[PDB]
Amino acid sequence: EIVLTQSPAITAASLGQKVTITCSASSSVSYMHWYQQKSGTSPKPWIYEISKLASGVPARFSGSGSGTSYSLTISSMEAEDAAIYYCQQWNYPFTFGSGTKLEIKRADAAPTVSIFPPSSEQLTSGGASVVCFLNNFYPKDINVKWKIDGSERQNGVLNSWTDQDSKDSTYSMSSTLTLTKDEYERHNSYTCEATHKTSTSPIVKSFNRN
Amino acid sequence: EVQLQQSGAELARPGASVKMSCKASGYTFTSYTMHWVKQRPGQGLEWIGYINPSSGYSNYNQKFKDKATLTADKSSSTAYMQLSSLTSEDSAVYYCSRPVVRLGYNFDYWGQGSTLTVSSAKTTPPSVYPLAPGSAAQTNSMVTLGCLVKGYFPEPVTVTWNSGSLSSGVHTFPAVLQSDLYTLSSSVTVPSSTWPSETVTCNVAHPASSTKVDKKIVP
């Protein structure tokens with residue numbers, strides 16, 4: 001069995017910097033292909049047979065290597081270059097590498113937190129979801145904590161994260177506390193707390209039901 | 001003009017079978033093989049096998065033998081892939097690709113992919129709730145609104161704001177599964193001078209249940 005491991009697994013490159021990613025084969029392979037995949041779309045052939053650029057590929061990309069090690073290099077990083085790159089064995093069973101997520105490095109940014117009480121219509125239907133958005137922050141690492149009447153609530157919240165924003169290169173996160181109208185009315189204080197590396201102080205947003 | 005049009009999203013029960021298609025055009029169908037690739041939610045790609053339309057011959061990745069069955073119809077220039085004895089491990093996006101042979105196969109053309117969901121859950125429309133501020137984000141020059149698209153199945157749903165007129169400050173989050181039902185949210189951030197002064201509506205569509213929702217965000 002031949003296994004293709006790529007490195008780095010993830011890295012944030014600044015615009016204009018040279019970027020080099022690698023693909024290591026468990027055993028020697030004659031040729032290697034590369035692909036570029038952007039969120040929610042089919043992989044696009046990027047490089048064929050170690051060094052031939054595919055259609056639609058900028059000259060700033062180049063491929064090289066042999067045996068058990070191959071590399072894809074971007075002479076100068078450009079915004080549109082942010083994506084996930086996969087290498088692939090040139091022959092049966094056409095094994096794909098583990099992938100490399102290339103992101104854009106930008107200045108640190110604290111999250112803008114917004115909390116939302118349940119809507120009138122959800123309440124009327126007997127439900128009560130409290131929503132919190134932690135938007136446009138950087139780097140990606142972040143943690144959210146919920147407090148009901150001052151008590152931290154664990155396990156019972158749906159969290160989701162977006163990929164880097166195609167426009168300002170930031171990240172965003174959504175956290176939802178789902179309760180019944182009854183549970184919601186049981187208490188009065190709801191708090192969403194975001195902790196990012198930009199501050200030792202959590203960014204807190206809260207509201208009182210009454 | 002090489003184009004590969006794949007069939008739509010599929011929902012199948014465990015133990016059942018499904019057959020996806022890939023309609024080719026823009027080239028001589030029988031002159032090139034057609035390969036299929038699998039990509040599970042949140043991870044890497046896996047090659048399944050190929051069919052050679054000129055002879056009907058097929059070769060498979062050992063892992064997919066007796067799992068996938070690849071056929072082709074010369075008259076309709078369409079490649080097919082049947083998957084049997086479905087399990088949750090079969091849920092993924094499947095692509096077809098037509099490679100050209102040079103020093104080796106060069107997979108220069110790909111279909112848009114077909115998403116397969118293996119589950120016993122039934123189709124359910126989403127409930128869309130408006131997410132309006134509670135007088136506190138005013139301190140911010142920018143106001144953030146949103147829509148909670150709750151309890152639907154299966155994927156996917158599409159979300160636009162003001163029918164596409166608002167796209168810049170939009171963040172639509174990946175759906176998450178809760179108790180076998182999907183929930184996702186979408187937020188839009190606009191200048192406080194834009195709303196409530198002007199109308200902001202989220203347009204949510206859920207093809208599986210032929211649902212269309214235009215939820216206006218009222219204070």
# chains A, B, ... in the order shown; residues from 1 in each chain; ligands from 1
$ residues_around --residues "residue 83 in chain B" --least-positions-apart "2" --cutoff "12 Å" --atoms "only C-alpha atoms" --output "tab-separated table (two decimals) with C-alpha atoms, in the first residue's frame"
chain	number	residue	atom	x	y	z
B	10	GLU	CA	-29.68	11.50	-3.56
B	12	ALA	CA	-31.23	6.52	0.16
B	13	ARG	CA	-32.05	4.14	2.99
B	14	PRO	CA	-29.42	1.89	4.57
B	15	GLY	CA	-29.25	-1.43	2.74
B	16	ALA	CA	-30.71	0.05	-0.42
B	17	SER	CA	-28.97	0.75	-3.71
B	18	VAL	CA	-28.65	3.90	-5.81
B	19	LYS	CA	-27.53	4.73	-9.34
B	20	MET	CA	-25.95	8.08	-10.20
B	21	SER	CA	-25.27	9.34	-13.70
B	36	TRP	CA	-15.40	8.06	-10.47
B	38	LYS	CA	-15.52	9.64	-3.68
B	48	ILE	CA	-13.32	4.20	-7.14
B	64	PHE	CA	-14.99	-0.76	-4.02
B	65	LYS	CA	-15.34	-4.11	-5.80
B	66	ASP	CA	-18.89	-5.40	-5.29
B	67	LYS	CA	-19.77	-2.01	-3.81
B	68	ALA	CA	-19.74	0.10	-6.95
B	69	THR	CA	-20.84	-1.10	-10.39
B	70	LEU	CA	-19.78	1.05	-13.35
B	71	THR	CA	-21.62	0.99	-16.67
B	80	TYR	CA	-23.43	5.27	-14.54
B	81	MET	CA	-22.37	4.20	-11.08
B	85	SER	CA	-25.81	-2.41	0.27
B	86	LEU	CA	-25.58	1.23	1.34
B	87	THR	CA	-24.24	2.16	4.78
B	89	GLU	CA	-19.92	5.17	5.23
B	90	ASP	CA	-21.31	5.60	1.71
B	91	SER	CA	-22.58	9.11	2.41
B	92	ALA	CA	-20.34	11.43	0.41
B	94	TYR	CA	-19.23	11.45	-5.87
B	116	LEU	CA	-25.38	10.94	-1.48
B	118	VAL	CA	-27.61	7.37	3.40
$ closest_atom_pairs --of "chain A" --to "chain B" --cutoff "8 Å" --atoms "only C-alpha atoms" --output "CSV"
residue,atom,partner,partner_atom,distance
A:41,CA,B:112,CA,7.0
A:42,CA,B:112,CA,5.7
A:43,CA,B:110,CA,7.6
A:44,CA,B:110,CA,7.5
A:45,CA,B:108,CA,5.9
A:48,CA,B:106,CA,6.3
A:49,CA,B:103,CA,7.1
A:54,CA,B:108,CA,7.5
A:90,CA,B:104,CA,6.3
A:91,CA,B:104,CA,7.0
A:92,CA,B:61,CA,7.9
A:93,CA,B:61,CA,5.9
A:94,CA,B:47,CA,6.1
A:95,CA,B:46,CA,6.6
A:96,CA,B:45,CA,6.0
A:97,CA,B:44,CA,7.6
A:98,CA,B:44,CA,6.1
A:99,CA,B:44,CA,7.0
A:114,CA,B:137,CA,6.9
A:115,CA,B:133,CA,7.4
A:116,CA,B:133,CA,6.0
A:117,CA,B:134,CA,7.2
A:118,CA,B:131,CA,7.8
A:119,CA,B:130,CA,6.3
A:121,CA,B:129,CA,7.1
A:122,CA,B:129,CA,6.7
A:131,CA,B:131,CA,7.9
A:133,CA,B:187,CA,7.8
A:158,CA,B:176,CA,7.1
A:159,CA,B:176,CA,7.6
A:160,CA,B:173,CA,6.1
A:161,CA,B:173,CA,6.1
A:162,CA,B:173,CA,5.5
A:167,CA,B:168,CA,7.7
A:172,CA,B:171,CA,7.4
A:173,CA,B:173,CA,7.6
A:174,CA,B:173,CA,7.1
A:207,CA,B:134,CA,7.8
$ write_last_selection --atoms "C-alpha atoms" --output "compact mmCIF listing (two decimals), in the first residue's frame"
# COMPACT_ATOMS: atom_id res chain seq x y z
CA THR A 41 -16.69 22.73 -5.67
CA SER A 42 -15.16 19.84 -7.61
CA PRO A 43 -11.39 19.41 -7.46
CA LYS A 44 -9.65 21.18 -10.33
CA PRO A 45 -6.62 19.61 -12.00
CA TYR A 48 0.03 16.96 -14.31
CA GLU A 49 2.99 14.61 -14.33
CA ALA A 54 -3.19 22.41 -16.19
CA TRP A 90 -0.22 8.99 -11.34
CA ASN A 91 -1.33 5.35 -11.67
CA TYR A 92 -3.62 2.71 -10.10
CA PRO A 93 -5.09 2.92 -7.52
CA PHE A 94 -4.70 6.68 -8.07
CA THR A 95 -4.31 7.38 -4.35
CA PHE A 96 -4.84 10.98 -3.21
CA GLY A 97 -2.70 12.77 -0.64
CA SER A 98 -3.97 13.98 2.74
CA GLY A 99 -4.27 17.56 1.49
CA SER A 114 -23.90 39.59 18.50
CA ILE A 115 -26.51 37.80 20.63
CA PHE A 116 -30.07 37.14 19.51
CA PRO A 117 -33.07 36.38 21.73
CA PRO A 118 -35.59 33.84 20.37
CA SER A 119 -37.92 35.26 17.72
CA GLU A 121 -42.59 33.32 15.88
CA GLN A 122 -40.38 30.61 17.31
CA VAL A 131 -28.17 32.64 18.74
CA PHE A 133 -22.45 35.14 16.08
CA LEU A 158 -24.68 23.76 18.21
CA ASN A 159 -21.47 25.34 16.92
CA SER A 160 -20.48 25.96 13.31
CA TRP A 161 -17.52 27.68 11.68
CA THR A 162 -17.02 29.30 8.28
CA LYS A 167 -13.10 39.29 1.18
CA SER A 172 -16.67 33.63 11.81
CA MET A 173 -18.48 31.25 14.15
CA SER A 174 -22.13 30.67 15.05
CA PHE A 207 -29.72 40.11 27.35
$ select_by_dssp --residues "chain A" --states "strand (DSSP E or B)" --output "PyMOL selection string"
chain A and resi 4-7+10-13+19-25+32-37+44-48+52-53+61-66+69-74+83-89+96+100-104+109+112-116+127-138+143-148+151-152+157-161+171-180+189-195+203-208
$ closest_residue --among "B:163, B:78, B:5, B:179" --to "residue 201 in chain B" --atoms "only C-alpha atoms"
B:163
$ atom_distance --atom1 "CA of residue 167 in chain B" --atom2 "CA of residue 219 in chain B"
21.0 Å
$ closest_residue --among "A:5, A:88, A:206, A:69" --to "residue 149 in chain A" --atoms "only C-alpha atoms"
A:206
$ residues_around --residues "residue 160 in chain B" --least-positions-apart "6" --cutoff "8 Å" --atoms "only C-alpha atoms" --output "list in words"
residues 166, 167, 202, 203 and 204 of chain B
$ write_last_selection --atoms "N, CA and C atoms" --output "PDB file, in the first residue's frame"
ATOM      1  N   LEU B 166     -27.511  41.683  -1.455  1.00  0.00           N
ATOM      2  CA  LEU B 166     -26.624  41.809  -0.306  1.00  0.00           C
ATOM      3  C   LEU B 166     -25.808  40.526  -0.260  1.00  0.00           C
ATOM      4  N   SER B 167     -24.505  40.633  -0.488  1.00  0.00           N
ATOM      5  CA  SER B 167     -23.655  39.453  -0.474  1.00  0.00           C
ATOM      6  C   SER B 167     -22.331  39.671   0.246  1.00  0.00           C
ATOM      7  N   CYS B 202     -34.102  37.336   4.112  1.00  0.00           N
ATOM      8  CA  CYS B 202     -33.257  36.207   3.765  1.00  0.00           C
ATOM      9  C   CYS B 202     -34.103  35.295   2.885  1.00  0.00           C
ATOM     10  N   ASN B 203     -33.528  34.852   1.776  1.00  0.00           N
ATOM     11  CA  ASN B 203     -34.244  33.976   0.866  1.00  0.00           C
ATOM     12  C   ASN B 203     -33.664  32.588   1.078  1.00  0.00           C
ATOM     13  N   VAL B 204     -34.486  31.687   1.604  1.00  0.00           N
ATOM     14  CA  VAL B 204     -34.055  30.326   1.874  1.00  0.00           C
ATOM     15  C   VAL B 204     -34.802  29.347   0.981  1.00  0.00           C
TER      16      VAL B 204
END
$ select_by_dssp --residues "chain A" --states "helix (DSSP H, G or I)" --output "JSON, numbers by chain"
{"A": [79, 80, 81, 120, 121, 122, 123, 124, 181, 182, 183, 184, 185, 186]}
$ residues_around --residues "range 192-201 of chain A" --least-positions-apart "4" --cutoff "9 Å" --atoms "only C-alpha atoms" --output "MDAnalysis selection string"
chainID A and resid 108:111 113:115 131:132 134 137:147 175 205:206
$ atom_distance --atom1 "CA of residue 106 in chain A" --atom2 "CA of residue 64 in chain A"
28.6 Å
$ closest_residue --among "A:120, A:185, A:165, A:89" --to "residue 217 in chain B" --atoms "only C-alpha atoms"
A:120
$ residues_around --residues "residue 17 in chain A" --least-positions-apart "6" --cutoff "10 Å" --atoms "only C-alpha atoms" --output "VMD selection string"
chain A and resid 74 to 78
$ residues_around --residues "range 30-35 of chain B" --least-positions-apart "6" --cutoff "6 Å" --atoms "only C-alpha atoms" --output "PyMOL selection string"
chain B and resi 49-54+96-98
$ write_last_selection --atoms "C-alpha atoms" --output "PDB file, in the first residue's frame"
ATOM      1  CA  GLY B  49     -12.645   2.847 -10.618  1.00  0.00           C
ATOM      2  CA  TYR B  50     -13.211   3.390 -14.321  1.00  0.00           C
ATOM      3  CA  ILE B  51     -15.342   2.253 -17.229  1.00  0.00           C
ATOM      4  CA  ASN B  52     -14.132   2.227 -20.823  1.00  0.00           C
ATOM      5  CA  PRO B  53     -17.247   3.022 -22.936  1.00  0.00           C
ATOM      6  CA  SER B  54     -15.666   1.564 -26.082  1.00  0.00           C
ATOM      7  CA  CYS B  96     -17.026  11.536 -12.472  1.00  0.00           C
ATOM      8  CA  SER B  97     -13.943  12.592 -14.405  1.00  0.00           C
ATOM      9  CA  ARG B  98     -12.861  11.954 -17.988  1.00  0.00           C
TER      10      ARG B  98
END
$ atom_distance --atom1 "CA of residue 166 in chain A" --atom2 "CA of residue 100 in chain A"
17.9 Å
$ closest_residue --among "A:202, A:40, A:73, A:154" --to "residue 58 in chain A" --atoms "only C-alpha atoms"
A:73
$ residues_around --residues "residue 153 in chain B" --least-positions-apart "4" --cutoff "9 Å" --atoms "only C-alpha atoms" --output "ChimeraX atom specification"
/B:121-126,180-182,206,208-209
$ write_last_selection --atoms "N, CA, C and O atoms" --output "mmCIF file, in the first residue's frame"
data_model
loop_
_atom_site.group_PDB
_atom_site.id
_atom_site.type_symbol
_atom_site.label_atom_id
_atom_site.label_comp_id
_atom_site.auth_asym_id
_atom_site.auth_seq_id
_atom_site.Cartn_x
_atom_site.Cartn_y
_atom_site.Cartn_z
ATOM 1 N N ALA B 121 -33.897 8.751 7.884
ATOM 2 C CA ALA B 121 -34.699 9.929 8.199
ATOM 3 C C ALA B 121 -35.509 10.373 6.989
ATOM 4 O O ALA B 121 -35.118 10.135 5.852
ATOM 5 N N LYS B 122 -36.649 11.008 7.241
ATOM 6 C CA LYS B 122 -37.505 11.467 6.158
ATOM 7 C C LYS B 122 -37.312 12.947 5.884
ATOM 8 O O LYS B 122 -36.902 13.709 6.763
ATOM 9 N N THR B 123 -37.633 13.347 4.660
ATOM 10 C CA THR B 123 -37.507 14.732 4.241
ATOM 11 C C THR B 123 -38.398 15.628 5.091
ATOM 12 O O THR B 123 -39.566 15.320 5.316
ATOM 13 N N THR B 124 -37.827 16.733 5.564
ATOM 14 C CA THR B 124 -38.540 17.681 6.413
ATOM 15 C C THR B 124 -38.133 19.100 6.036
ATOM 16 O O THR B 124 -36.948 19.397 5.931
ATOM 17 N N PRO B 125 -39.111 19.992 5.824
ATOM 18 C CA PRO B 125 -38.808 21.382 5.462
ATOM 19 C C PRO B 125 -38.213 22.125 6.660
ATOM 20 O O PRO B 125 -38.422 21.735 7.812
ATOM 21 N N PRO B 126 -37.460 23.204 6.405
ATOM 22 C CA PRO B 126 -36.871 23.957 7.509
ATOM 23 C C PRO B 126 -37.857 24.989 8.048
ATOM 24 O O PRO B 126 -38.817 25.362 7.373
ATOM 25 N N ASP B 180 -30.662 14.114 14.162
ATOM 26 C CA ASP B 180 -30.981 13.722 12.799
ATOM 27 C C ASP B 180 -31.703 14.783 11.978
ATOM 28 O O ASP B 180 -32.404 14.467 11.022
ATOM 29 N N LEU B 181 -31.532 16.044 12.363
ATOM 30 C CA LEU B 181 -32.120 17.154 11.617
ATOM 31 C C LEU B 181 -31.041 18.221 11.493
ATOM 32 O O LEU B 181 -30.268 18.439 12.428
ATOM 33 N N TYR B 182 -30.984 18.867 10.334
ATOM 34 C CA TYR B 182 -29.991 19.905 10.091
ATOM 35 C C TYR B 182 -30.448 21.279 10.535
ATOM 36 O O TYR B 182 -31.624 21.619 10.437
ATOM 37 N N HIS B 206 -35.137 25.088 -0.004
ATOM 38 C CA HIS B 206 -34.828 23.711 0.376
ATOM 39 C C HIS B 206 -35.439 22.838 -0.715
ATOM 40 O O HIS B 206 -36.582 22.410 -0.610
ATOM 41 N N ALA B 208 -35.211 19.680 -1.660
ATOM 42 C CA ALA B 208 -35.777 18.389 -1.263
ATOM 43 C C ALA B 208 -37.260 18.435 -0.881
ATOM 44 O O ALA B 208 -37.991 17.470 -1.108
ATOM 45 N N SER B 209 -37.706 19.545 -0.299
ATOM 46 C CA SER B 209 -39.103 19.677 0.101
ATOM 47 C C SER B 209 -39.791 20.773 -0.701
ATOM 48 O O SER B 209 -40.839 21.269 -0.305
#
